[PDB]
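Structure first, commentary second.
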RNA sequence: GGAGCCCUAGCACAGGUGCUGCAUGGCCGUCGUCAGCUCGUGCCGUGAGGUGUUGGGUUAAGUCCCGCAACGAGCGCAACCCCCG
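As structure tokens, this is what we get:
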């Protein structure tokens, strides 16, 4: 089930590379590797979810990041089925602070979505049409998952604040609550709602997301079927 | 008697390739057709400021890509002009 399944092979993050605030989240250093306790998970996986249900109902919004490939393609699908924004490829500065300013790149799509139907293809000639294609392509690609926010979020969900603190400290200046999955390499002082564990365990990912999104759907109504991401493993 | 025009006398005068391009306006060359010059928002710094323009690669090129606390734009490259296929 929860930790029952998790208790399988989905913990323990690296070895002799850590930031000594995970002291209250580590069982033992047995056999060289560092191992994260799971009694504390439940004692921390609750309060997290518990106060999502205080926020998931009142129309709050959530952000999913994942500039690590072994989570990039996962956040992807698990974000649409969630219906909440996401930044799969790579995050870049300002998104939450320069919300107005980043949006012009998104609004651009509106002034670019006019084209692919409207009678200016016959007007707008090719040499800039062609070389704007990839521009439109790479504009959508890096920004799909942000093309659906004009209101600024109500949360942040991060696979690894060590990898994505750059997208956290932005939220931190906005007094916007920040949640994140944390590993032995993390820094569990800046995260508001802690979800410790191995973030680079490809396995310890897919199950985290549905179980995270299951609350999203259950907040909205009618849990469904996710995606058997096991094929994305080996 | 008067307007214009002409010559002769007094004028106000103009006139000078005389001087200073180290006093200037305008115009011209060099770097150089080099590829650089900057702004709005954001971030780092007490602050001047930095980032953006830096790193790898590519091209005639700040041309473009990856990454990057940055994302976009303006002047410039280009292209809109002309001759040839």
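Numbering (full-length UniProt numbering), first residue to last: 7 to 240.
The C-beta atom is built at its ideal place from N, Cα and C for all residues, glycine as well.
Nearest neighbour of residue i, chosen from the options [CA to CA]
i           : options              : result
residue 117 : 132, 146 and 101     : 146
residue 206 : 217, 218 and 166     : 166
residue 237 : 226, 212 and 223     : 212
residue 151 : 221, 42 and 68       : 68
residue 157 : 66, 240 and 135      : 66
residue 91  : 208, 168, 149 and 30 : 149
residue 169 : 124, 98 and 199      : 98
residue 109 : 197, 135 and 154     : 154
residue 44  : 200, 137 and 88      : 200
residue 46  : 31, 128, 55 and 220  : 31
residue 96  : 126, 78 and 8        : 78
residue 198 : 57, 25, 26 and 7     : 57
residue 8   : 55, 196 and 121      : 55
residue 122 : 113, 139 and 26      : 139
Delimiting residues of the alpha helix (DSSP H) encompassing residue i
i           : result
residue 187 : First-last for residue 187: 185 to 188, but that is the beta strand (DSSP E), not the alpha helix (DSSP H).
residue 148 : 132 to 149
residue 168 : 167 to 170
residue 108 : 105 to 119
residue 221 : 209 to 226
residue 39  : Unbroken run through residue 39: none, as it is neither H nor E.
residue 77  : 75 to 86
residue 11  : 9 to 12
Residue burial classification, residue i (beta-carbon count within 10 angstroms, cutoff 16)
i           : result
residue 190 : buried
residue 74  : buried
residue 100 : exposed
residue 34  : exposed
residue 202 : buried
residue 80  : buried
residue 72  : buried
residue 219 : buried
residue 136 : exposed
residue 210 : buried
residue 70  : buried
residue 127 : exposed
residue 17  : buried
residue 188 : buried
residue 186 : buried
Run of the beta strand (DSSP E) containing residue i, from where it starts to where it stops
i           : result
residue 34  : 32 to 34
residue 200 : 199 to 202
Distance between beta carbons of residue j and residue i, contact taken as under 8 angstroms
i           : j           : result
residue 82  : residue 94  : 5 angstroms
residue 28  : residue 194 : 6 angstroms
residue 216 : residue 84  : 7 angstroms
residue 88  : residue 222 : 5 angstroms
Worksheet item: Are the stretch 101 to 114 and the stretch 217 to 233 in contact at 8 angstroms, needing three or more beta carbon pairs?
Response: no
Practice prompt. Evaluate contact between the stretch 15 to 26 and the stretch 36 to 52, counting only Cβ atoms and requiring at least three cross-stretch pairs below 8 angstroms.
Written response: yes
Worksheet item: Using 8 angstroms as the Cβ pair cut-off and three pairs as the minimum, do the stretch 50 to 66 and the stretch 137 to 151 touch?
Response: no
Worksheet item: Within the chosen definition, does the stretch 175 to 182 reach the stretch 156 to 164 through at least 3 CB pairs nearer than 8 angstroms?
Response: yes
Discussion item. Does the structure place the stretch 8 to 18 close enough to the stretch 170 to 180 that three or more beta carbon pairs sit under 8 angstroms?
Written reply: no
Discussion item. Would the stretch 55 to 69 count as touching the stretch 215 to 231 if we require 3 or more Cβ pairs under 8 angstroms?
Written reply: yes
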